[PDB]
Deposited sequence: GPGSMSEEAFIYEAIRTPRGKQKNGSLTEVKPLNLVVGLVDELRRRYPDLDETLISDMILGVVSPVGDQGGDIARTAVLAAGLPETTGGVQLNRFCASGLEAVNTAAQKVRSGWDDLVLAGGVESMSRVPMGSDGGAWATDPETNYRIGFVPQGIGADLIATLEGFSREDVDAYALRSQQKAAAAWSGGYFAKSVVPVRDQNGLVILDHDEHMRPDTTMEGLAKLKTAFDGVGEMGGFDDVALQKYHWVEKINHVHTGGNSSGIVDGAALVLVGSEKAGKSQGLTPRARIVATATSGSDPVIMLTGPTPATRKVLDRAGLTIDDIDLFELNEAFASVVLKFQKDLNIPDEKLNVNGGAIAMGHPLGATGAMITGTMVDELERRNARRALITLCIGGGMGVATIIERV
């Protein structure tokens, strides 16, 4: 039993505290995606949707009720060792569930020194600086990575790449509240990044005399509000409801900011694939050094990594991350007419998840 992605949508991402989604309750952010799916697929028999799976870093069960999904639909809420998309594929592959909604939601800690904005866990930030210290990534390296995120995000937005999947959030009278990723800073420059103050100032690594603190509010991802859902199902369930499969989930696997690397090696193993076989690599951008280390570890070509930008630009939506970056790849495989993407992030108490999809 193969698991296919039939749809993958998401909310634009709102800045927390003083942004556009601050008054919108997380439930309503999730129910609006269900309502968009219904507009897209009005004939859909929801009796086949066995679970809504929500990552939150009783909303899954409450969301089912507020959306008016069937009472036969369960709610699964995830913070240990699992991930939403990975869980939905295993359910469907097991052959006892027919359609699953999988994704997550975030709605308002490490903080950047000048803006007081969440970026987002203190010891993670120190680890990030340790990685840069151990691996020899300079302040200019991590800033150059941040710049390329903002640039690729800007190119993706202005190029229309996200038009199909990014669903405007509207108020209870229909006025658009937010239709774009407002955390983006497309005016970002290397000179601007260099003035920013470092934000995170160990005995296992006893040869390190001093940590070279290089991460800031500009090369670490700010936390943003948002929701995302992926509709996963069997072949028979989708051909039942006249849905067109958009990608196949080839393999998934699971394995303190270094987790994505081995989970990626493992998923590649399970699928009988190598790095050369993957057209696009998508890794959540929690901190620039962590992405650079992943790239350095696996010899990942620059032109294949986070090709439409990542969380440094658009924001880190915590629980919603997995469904957002999956959908970003489902869409980008189609725009490129490319074949395979590998999507990976932290679960993540030290633990990573990696998933290979096929167009």
**Asked** Unmodelled stretches of the deposited sequence, numbered from 1?
**Response** 1-6, 64-71, 94-97, 127-137, 231-242, 297-302, 407
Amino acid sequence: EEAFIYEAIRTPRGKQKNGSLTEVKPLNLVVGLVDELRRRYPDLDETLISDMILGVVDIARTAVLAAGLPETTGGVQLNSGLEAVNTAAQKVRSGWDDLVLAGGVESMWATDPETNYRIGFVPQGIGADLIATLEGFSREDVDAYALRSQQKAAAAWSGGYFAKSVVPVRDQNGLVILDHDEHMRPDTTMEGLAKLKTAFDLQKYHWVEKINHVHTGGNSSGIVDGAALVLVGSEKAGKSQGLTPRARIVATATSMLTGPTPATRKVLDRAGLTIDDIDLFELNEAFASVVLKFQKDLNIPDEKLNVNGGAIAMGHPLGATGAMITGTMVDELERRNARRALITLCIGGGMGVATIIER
From here on, numbers count along this sequence of modelled residues.
**Fill in**
Of 192-200 vs 148-156, the stretch with the larger average CA B-factor in the entry is 192-200
**Request:** For the higher mean C-alpha B factor in the entry, choose 34-42 or 316-324.
**Result:** 34-42
**Request:** Among 281, 161, 287, 207, single out the one with the highest C-alpha B factor in the record, please.
**Result:** 207
**Item:** Residue with maximal Cα B-factor (values as given in the PDB entry) among 105, 84, 273, 142
**Value:** 273
**Message:** Split into thirds by Cα B-factor across the chain's modelled residues, where does residue 18 land: lowest, middle or highest?
**Reply:** highest
**Item:** B-factor third for the C-alpha atom of residue 47 within its chain
**Value:** highest
**Fill in**
residue 28: CA B-factor among chain residues, third -> middle
**Item:** Among modelled residues of the same chain, the CA temperature factor third for residue 213
**Value:** highest
**Ranked against its chain, the third holding the CA B-factor of residue 1** = highest
